[PDB]
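Participant:
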Amino acid sequence: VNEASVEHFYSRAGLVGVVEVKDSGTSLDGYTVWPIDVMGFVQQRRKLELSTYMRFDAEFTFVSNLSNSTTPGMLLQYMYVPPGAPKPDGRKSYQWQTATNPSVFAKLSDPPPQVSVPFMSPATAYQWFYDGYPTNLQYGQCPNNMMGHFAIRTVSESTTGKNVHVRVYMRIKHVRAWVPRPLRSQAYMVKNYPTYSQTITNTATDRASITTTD
Amino acid sequence: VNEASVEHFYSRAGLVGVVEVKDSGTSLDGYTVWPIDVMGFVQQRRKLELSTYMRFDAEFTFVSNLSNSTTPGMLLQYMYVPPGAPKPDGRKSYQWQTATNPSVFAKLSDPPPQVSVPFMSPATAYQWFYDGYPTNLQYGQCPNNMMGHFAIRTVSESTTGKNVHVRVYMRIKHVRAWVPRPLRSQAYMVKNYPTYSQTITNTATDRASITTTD
Amino acid sequence: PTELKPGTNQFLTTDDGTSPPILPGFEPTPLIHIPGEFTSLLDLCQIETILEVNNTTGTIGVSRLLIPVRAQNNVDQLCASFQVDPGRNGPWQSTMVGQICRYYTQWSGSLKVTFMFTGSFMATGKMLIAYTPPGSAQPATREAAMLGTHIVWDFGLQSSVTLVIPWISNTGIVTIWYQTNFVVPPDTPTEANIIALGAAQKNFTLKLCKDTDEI
Amino acid sequence: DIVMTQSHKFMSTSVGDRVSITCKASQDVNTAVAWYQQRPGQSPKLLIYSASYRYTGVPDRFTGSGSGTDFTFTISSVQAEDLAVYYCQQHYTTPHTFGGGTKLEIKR
Amino acid sequence: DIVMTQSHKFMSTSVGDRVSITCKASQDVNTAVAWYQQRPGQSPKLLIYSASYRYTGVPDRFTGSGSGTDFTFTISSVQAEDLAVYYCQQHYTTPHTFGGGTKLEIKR
Amino acid sequence: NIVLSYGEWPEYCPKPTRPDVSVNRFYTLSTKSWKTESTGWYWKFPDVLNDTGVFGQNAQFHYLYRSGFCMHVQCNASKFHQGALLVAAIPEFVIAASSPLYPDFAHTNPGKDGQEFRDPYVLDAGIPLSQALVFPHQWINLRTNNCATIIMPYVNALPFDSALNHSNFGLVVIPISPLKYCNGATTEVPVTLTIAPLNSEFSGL
Amino acid sequence: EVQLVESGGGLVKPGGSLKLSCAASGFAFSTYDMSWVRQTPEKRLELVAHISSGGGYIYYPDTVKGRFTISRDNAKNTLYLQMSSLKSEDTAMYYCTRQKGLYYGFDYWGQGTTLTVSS
Amino acid sequence: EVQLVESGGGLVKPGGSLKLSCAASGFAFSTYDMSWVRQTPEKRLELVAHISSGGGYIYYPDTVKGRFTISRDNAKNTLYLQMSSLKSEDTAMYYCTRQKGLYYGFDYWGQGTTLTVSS
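Residue numbers (the working numbering), protein chains in the order written: chain A, 1 to 214; chain B, 215 to 428; chain C, 429 to 643; chain D, 644 to 751; chain E, 752 to 859; chain F, 860 to 1064; chain G, 1065 to 1183; chain H, 1184 to 1302.
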């Protein structure tokens, strides 16, 4: 009876997205920027749309290693670009320092970094469904949900030969949900819009007749 | 209403300067001395000149690694030369030991060193604007603001082949500000003097007429 | 002066730990009262949602929600039947409790099933709704059904009726029999349609969260 | 800086032949190197960068290989259009640096 | 991707002889490689995979060895049935990649 | 008899003007005809009142407002007709497009004349209809009751928001069990609607 | 012993779509990963698509990525390949293969079916 | 397709200053880093200056450091080079190039313009 609570139901930490720097091979750029998308996986998306308005603090962790699952010591800079501030142009761009961009310097050898993001939205809660136009690409888009981009880079000075994979985990604390919504039957087409395929799929799997059971 | 406080406004830690030992290539010297300059970056300089007199304790951190962003264990000596004591001549100079020069011995493998400097000035507060001569190069120079040079060197005995970059972060605690000053419109020419370019730049971006808006 | 136990540096996926605030002295936008806050899924299981009892082949859509009933010129016949497992694939997939019981390995508790009658105001008849305990096959003919649990439901008087099933654990059958012919005065549509509504009672419980296959 | 020196200021060959040029690094550059095609009176084009990989559109007869401080740029089959000056680059670190140049010779 | 290049588009031998083919890797593949037998007008069969080990049922005269970026596939005794195209594979990472192919020549 | 949405009465939020007076009167929208073939309708107000009455004179010239609605739907049919309707008020109702790409603006804000569903089974929002009872709803069952009434308070994240952009919610009428009538009876059963905004406010003339 | 057969291959014009279906018998078909491989007229071989044994993981090379689709049915012992928007280079003969994992070598190969993209 | 043109180059006496301006069309010009390269009469090539795509980072070699200045305008699709205090060795032809990053090779090269420092 305590596992039906909305607080426990959203509890556990999960994989929000996998990003890669890849500075070694044909792509030498040497950093990456990962806009925070909680909807990333269609499984995590279908449990969120259950509720229309929800207010929660997030907590992150970055599990990193090379392509060998081998983790030698080499330094990484995890920066958090808050919503409304400019993004880094290139691996040396002066945005990588500033002041106001909170950063985390962690070697690979260390156990994974961890950090806690507060509630960033202007409105008193997030909205997963916003009717009406922000001011037809525009229809139903919340401008106020952006949580920031978590730009990453490897401090070591020039062109290491090592592509560094990294995984990003999220978990939701202190969650509070408002008016409920029925779960989605139809498959998803694209990320930001509900649009569903022409051909409809039934909700229940058919049987022989209105009568026969099993 | 708590993010407008002068204490929070100067809070966050930032990059005061980047120094390099470079004992490997054409320059074999093997150490460096970095006079503490809070004004180092024109961004941090424009927020300080907001206030004329201010009194604060500082706290430092040194994030170090090789040119690969690779951090093998090798020993470093971070020494702090207090204001008014002689500087090291060369990597073996007897100043590197003495007594009164507080030092920090930290391997690269360890997480970054950290240390807390007190308030060093004779006067009850720093002065970012000092009129009048200390006794025309002299005009407007505070002799009493020197905070010390943070000389660094790598203990390993002779000519390692490794140039070691190092970054230096500062954050300001317990700050107290006095009489306010308007922000600087004109661009900076040189470090220690206000001197501004001949050609003046307007403060506001012009429009078509006194009338039209947007 | 401490020692480190064997479990030091592991990162455990369900951590329930603490973490540094990334932006100290930041002020979230304060709350205001928003109506409707729901604190637990176990209230949603208690609201009734239309059930697909039809779900046959080629039934297209929005016609799958209702079971047809007409004058079949036969006194004792089996109108429709469906087993009572909420989680198991079948009719109950269209309910609510059907869906959020795909997210939990085990459930329990009583269920409630409600019927409506859409037919015209003049029509009259009798349906015998009979429930079979989970360890038995569905009845042969009503004389076997009326011996078990049942309620005779009459149109002209009672337009909706509720059948509480006693128990389910983690199977049972409810059938709908014609008790009498379907009788109507002249100039009236001859066939009605019955819709069903599933819901869970108060004591329904869930256990051991698990992610689902629906998608 | 880091100097990229090429061995031969000139090399001779004929059409249909196979020629391969080297490059030598002042220190360890890892795999970062690039090879350029400068035809007489023309802006030098990009061919092969970062050891083996070749830029989009470069014909397949142009190949390269190497690692560390020793590199090689291989022409499977020489043609007439292949006469021009070649250069090797170091993009491993700033500042970038180019080799002294190598000029082919087709002797008929 | 990672390119597996074979040195020789053709090799010649006779019955009873001994021939060995190489393969060259764009970068370090560890020991993962595989060698295939494609007879004319037939689905290419598996022979030797992961350096030395050979698949179940492959005759013993087929051998292979190597490590790192340099591999070898050795035929102790050539027979008549041995004429076909050979390929080397990289299963070290995704995506998999095949060599250009090598065709034997029996000259009588 | 009456369904208070989410168990609350709409109320003021303690200088915004309170019009009271003549924006508290009922408005009677045009009468939709429910045939045997017809499927669904929806409205999505604050929209429907933007043109009509003195209300639209407030909502067009004010930059912000707060409001709440009392809506009443009744269906006149003789006793020889059968069939049933589902009436539900679904907050934050965002529609979608079918694919073989966004919904045309005529489908987003229909106006006082409502709109027809393309796919009532999925609501044309993608969610199934069987579960749409989770929203505040009332059954109009032509052998029992002919009227359905709902009071929906002001539900939205911000205290105030503009009427020309964010449409606070929507309303659906879906004939779940189709209408049948014996020969000679009137062919169409009319459906009418009535809305009476409660506790409205406006600001920023 | 074992049989891998395929169908559907044949001449087609640019832009069209065609479903290659592979059927297997002689082994337990849910226990093996499967893949497609196409052989260009130069006999250069390259991968096409990959699916896990139980449908967990599906991999596409960068060229065919998003243009094709692969699926299998453990009940019908079939392997389906849905492929559209055919360009010039999409012509080659397609083999239906079998693996025990991601990195194992391909042990069996269907007899293969040709495909041709032309006006 | 793509066009990199330059201007301003020409004979000049020691000490003077000259603005080489490069103009581009045929691609999105704010998404690429840019650089200058000069080719000595011996055809020895060397770097001149570098700027990031959005103006974040600007790099100068040690020789020209402080003597030159580089800037770009994403609105005008131009790349400006302000260069003063010309010595003898500053004569060479200057190419206007394009990159995708710091360490990528230079894919395009302007036709180049000469520069000459003499009495």
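Beta carbons: idealized from backbone N, C-alpha and C, even for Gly.
Going along chain A in order, which residues have a C-beta closer than 9 Å to the C-beta of C:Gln511?
Facilitator: By one-based count along the third sequence, residue 511 of chain C stands at place 83. Here the neighbours are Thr213, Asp214.
Participant: When the cut-off is 9 Å and only beta carbons count, does A:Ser158 lie next to chain D?
Facilitator: For the purposes of this step, residue 158 of chain A is taken as residue 158 along the first sequence, with counting starting at 1. Yes, A:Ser158 lies at the interface with chain D (some Cβ there is under 9 Å from its Cβ).
Participant: Answer yes if the region 72-82 of chain A comes into contact with the region 106-114 of chain A, meaning at least three C-beta pairs across the two stretches below 8 Å, and no otherwise.
Facilitator: yes
Participant: If I measure Cβ to Cβ from F:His931 and keep anything under 6 Å in the same chain, skipping five residues before and after, which residues do I get?
Facilitator: On the sixth sequence, residue 931 of chain F is found 72 positions in, with the first residue counted as 1. So the qualifying residues of the chain are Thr1008, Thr1053.
Participant: Does the count of Cβ pairs from the region 894-911 of chain F and the region 1003-1019 of chain F closer than 8 Å reach three?
Facilitator: no
Participant: Here's the rule: buried if 16 or more other CB atoms are within 10 angstroms of the residue's CB, otherwise exposed. What is B:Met403?
Facilitator: Counted from its first residue, the second sequence places residue 403 of chain B at position 189. Counting Cβ neighbours within 10 Å, B:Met403 comes out exposed, since fewer than 16 surround it.
Participant: Excluding sequence positions up to five away, which residues of its chain have a Cβ less than 7 Å from the Cβ of H:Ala1207?
Facilitator: Position 24 of the eighth sequence, counted from the first residue, corresponds to residue 1207 of chain H. Closer than 7 Å at the Cβ level, and outside the excluded window around H:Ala1207, lie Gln1186, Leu1187, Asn1260.
Participant: Could you spell out where the alpha helix (DSSP H) holding B:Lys261 opens and where it closes?
Facilitator: Stepping through the second sequence from its first residue, residue 261 of chain B is reached at position 47. Residues 256-262.
Participant: Looking at chain F, which residues of the region 112-134 of chain A have a Cβ within less than 9 Å of any of its Cβ atoms?
Facilitator: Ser121, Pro122, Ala123, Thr124, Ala125, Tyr126, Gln127, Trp128, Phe129, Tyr130, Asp131, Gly132, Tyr133, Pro134
Participant: Roughly how many angstroms lie between the CA atoms of F:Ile1010 and F:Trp868, to the nearest whole one?
Facilitator: Along the sixth sequence, one-based indexing puts residue 1010 of chain F at 151. Along the sixth sequence, one-based indexing puts residue 868 of chain F at 9. Spanning the two alpha carbons is a distance of roughly 8 Å.
Participant: Who does A:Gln114 pair with in a DSSP beta bridge?
Facilitator: As a first step, residue 114 of chain A must be located in the first sequence, where it is residue number 114. According to DSSP, which records beta bridges pairwise, A:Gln114 is partnered with A:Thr61.
Participant: For the ligand SAH, is there a heavy atom less than 8 Å away from the beta-carbon of F:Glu896?
Facilitator: Only the bare structure without any ligand can be found here, which leaves the ligand SAH out of the picture.
Participant: Mind checking who G:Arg1162 pairs with in its DSSP beta bridge?
Facilitator: Position 98 of the seventh sequence, counting from 1, holds the residue named residue 1162 of chain G. Answer by DSSP bridge pairing, in chain order: G:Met1098, G:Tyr1172.
Participant: With DSSP as the reference, label H:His1233 as helix, strand or coil.
Facilitator: What you label residue 1233 of chain H is simply residue 50 of the eighth sequence in a count that begins at 1. The answer is strand: DSSP assigns H:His1233 an E or B state.
Participant: What would DSSP say about A:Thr201, mapped onto helix, strand or coil?
Facilitator: What you label residue 201 of chain A is simply residue 201 of the first sequence in a count that begins at 1. In this structure, A:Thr201 counts as coil in the three-state DSSP scheme.
Participant: What does the Cβ neighbour count give for F:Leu1001, buried or exposed, with the cut at 16 atoms within 10 Å?
Facilitator: By 1-based counting over the sixth sequence, the position of residue 1001 of chain F is 142. With 16 or more other Cβ atoms within 10 Å, it is buried.
Participant: Taking 9 Å as the cut-off, decide whether the C-beta atoms of B:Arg395 and B:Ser265 are in contact.
Facilitator: Here residue 395 of chain B is taken as the residue at index 181 of the second sequence, counted from 1. Here residue 265 of chain B is taken as the residue at index 51 of the second sequence, counted from 1. For B:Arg395 and B:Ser265, yes; Cβs fall inside 9 Å.
Participant: With a cut-off of 9 Å, does the C-beta of B:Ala227 fall near any C-beta of chain A?
Facilitator: Counting from 1 along the second sequence, the entry for residue 227 of chain B is found at position 13. So yes, B:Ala227 belongs to the interface.
Participant: Determine, using beta carbons only, whether C:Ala558 and C:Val592 come nearer to each other than 9 Å.
Facilitator: Position 130 of the third sequence, counted from the first residue, corresponds to residue 558 of chain C. Position 164 of the third sequence, counted from the first residue, corresponds to residue 592 of chain C. No.
Participant: I want to know whether the region 529-543 of chain C touches the region 623-643 of chain C - three or more CB-CB distances under 8 Å.
Facilitator: yes
Participant: Determine the closest residue to B:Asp271 out of B:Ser307, B:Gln257, B:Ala218, B:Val329, with distance taken between C-alpha atoms.
Facilitator: Within the second sequence, numbered from 1, the residue matching residue 271 of chain B stands at position 57. The residue with the shortest Cα to Cα distance from B:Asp271 is B:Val329.
Participant: Taking its Cβ as the centre, do 16 or more other Cβ atoms sit within 10 Å of residue 1085 of chain F, making it buried, or is it exposed?
Facilitator: Any question about residue 1085 of chain F goes unanswered here, given that chain F covers just 860 to 1064.
Participant: So, for E:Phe824: in the same chain, excluding its five sequence neighbours on each side, which residues have a beta-carbon less than 6 Å away from its beta-carbon?
Facilitator: For the purposes of this step, residue 824 of chain E is identified with residue 73 of the fifth sequence, where counting begins at 1. Contacts found: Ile772, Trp786, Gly815.
Participant: How big is the Cα-Cα spacing for residue 1069 of chain F and F:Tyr865?
Facilitator: In the structure as shown, chain F starts at 860 and stops at 1064, and residue 1069 of chain F therefore has no counterpart that could be examined.
Participant: What does G:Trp1173 reach in chain E if we use C-beta pairs closer than 8 Å?
Facilitator: What you label residue 1173 of chain G is simply residue 109 of the seventh sequence in a count that begins at 1. Result: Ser794, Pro795, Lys796.
Participant: Do you know whose CA, among D:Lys652, D:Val662, D:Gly709, D:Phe653, lies nearest D:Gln722's CA?
Facilitator: Counted from its first residue, the fourth sequence places residue 722 of chain D at position 79. Of D:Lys652, D:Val662, D:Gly709, D:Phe653, the residue nearest in Cα terms is D:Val662.
Participant: Whose CA, out of G:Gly1072, G:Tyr1168, G:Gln1175, G:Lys1151, lies closest to the CA of G:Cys1160?
Facilitator: As a first step, residue 1160 of chain G must be located in the seventh sequence, where it is residue number 96. Minimum Cα distance to G:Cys1160 is reached at G:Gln1175.
Participant: Please list, in chain order, the residues of the region 810-842 of chain E that have any C-beta partner in chain G closer than 8 Å.
Facilitator: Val836, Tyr838, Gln840, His842
Participant: With a threshold of 9 Å between beta carbons, is D:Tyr696 in contact with chain A?
Facilitator: Along the fourth sequence, read from residue 1 onward, the residue named residue 696 of chain D stands at position 53. At least one chain A Cβ lies under 9 Å of D:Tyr696.
Participant: In whole angstroms, what separates the C-alpha of D:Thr699 from that of H:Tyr1243?
Facilitator: Along the fourth sequence, read from residue 1 onward, the residue named residue 699 of chain D stands at position 56. Along the eighth sequence, read from residue 1 onward, the residue named residue 1243 of chain H stands at position 60. If you take the alpha carbons of D:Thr699 and H:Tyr1243, they lie about 29 Å apart.
Participant: Rounding to the nearest angstrom, what Cα-Cα distance links C:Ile488 and A:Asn202 in this structure?
Facilitator: Here residue 488 of chain C is taken as the residue at index 60 of the third sequence, counted from 1. Here residue 202 of chain A is taken as the residue at index 202 of the first sequence, counted from 1. Looking at the two C-alpha atoms, the distance is approximately 8 Å.
Participant: Compute the Euclidean distance between the alpha carbons of A:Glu59 and A:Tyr169, then round it to the nearest angstrom.
Facilitator: Reading the first sequence from its first residue, position 59 is the one you call residue 59 of chain A. Reading the first sequence from its first residue, position 169 is the one you call residue 169 of chain A. So the two alpha carbons sit approximately 8 Å from each other.
Participant: May I ask you to verify whether the region 146-165 of chain A touches the region 15-31 of chain A, counting CB pairs closer than 8 Å and requiring at least 3?
Facilitator: yes
Participant: Expressed to the nearest angstrom, what Euclidean distance is found between the alpha-carbon atoms of A:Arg184 and A:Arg46?
Facilitator: Along the first sequence, read from residue 1 onward, the residue named residue 184 of chain A stands at position 184. Along the first sequence, read from residue 1 onward, the residue named residue 46 of chain A stands at position 46. Spanning the two alpha carbons is a distance of roughly 7 Å.
Participant: Going along chain E, which residues have a C-beta under 9 Å from G:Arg1108?
Facilitator: Within the seventh sequence, numbered from 1, the residue matching residue 1108 of chain G stands at position 44. Residues of chain E with a Cβ closer than 9 Å to the Cβ of G:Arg1108 are, in chain order, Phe849, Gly851, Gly852.
Participant: Can you say whether B:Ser423 is buried or exposed, counting buried as having 16 or more other CB atoms within 10 angstroms of its CB?
Facilitator: Translated into positions along the second sequence, residue 423 of chain B becomes position 209. By the neighbour-count rule (16 or more Cβ atoms within 10 Å), B:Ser423 is not buried but exposed.
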